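Worksheet for the structure shown next.
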There are 2 protein chains.
Amino acid sequence: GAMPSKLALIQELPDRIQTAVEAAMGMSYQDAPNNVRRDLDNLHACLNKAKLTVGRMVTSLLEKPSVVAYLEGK
Amino acid sequence: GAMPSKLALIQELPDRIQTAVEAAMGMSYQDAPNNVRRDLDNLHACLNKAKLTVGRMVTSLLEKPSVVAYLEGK
């Protein structure tokens, strides 16, 4: 019976956001004109970048033992 | 029933990320000292921000008719 610790949450945030935008990443915008689908291409760069910023924001929490320990509850 | 189209996805992305991050927002980081929980405070500001950067990224796509129409399938 392992109730998820805050670190379970902070670590899963990347996966949650991966799931948050997997829909849009797997979106087939190629049935749209280049420019508008490029707006999805911007969604592709920036929203995937958004996962990138979040993943590493978690990394920013993960680069310090005290912060990490509190998340896991150590 | 309503099979989700690309617009259903782009519109739900905000809620998906609101969910991707709700766990961390509802996190009881006050269990930790000010500074380390402040590290979660940065997590809060930046992840709440992160949701909203996606909020505006969706808004970016949402503020042009060609882009929007292709998402919905108009």
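We label chains A, B, ... in the order they appear in the structure tokens, count residues from 1 in each chain, and number ligands from 1 in the order shown.
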Residue hits in chain B, query chain A, radius 9 Å, only C-alpha atoms, as a ChimeraX atom specification: /B:5-6,9-10,12-21,23-24,27-29,31-32,35-37,39-40,42-43,46-47,50-51,53-54,57-58,60-61,64,66-68,70-71
To one decimal place, how far is atom CA of residue 55 of chain B from atom CA of residue 2 of chain B in Å?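 These atoms are spaced 23.5 Å apart.
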How close is chain B to chain A in C-alpha RMSD after a least-squares fit, all Cα atoms in order?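 Overlaying the two chains on their C-alpha atoms yields 0.6 Å.
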From chain B, collect each residue whose DSSP state is helix (DSSP H, G or I) and return the set as a ChimeraX atom specification. /B:6-25,29-31,34-62,65-72
To one decimal place in Å, what is the distance between atom CA of residue 49 of chain B and atom CA of residue 34 of chain A?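 Atom CA of residue 49 of chain B sits 29.5 Å away from atom CA of residue 34 of chain A.
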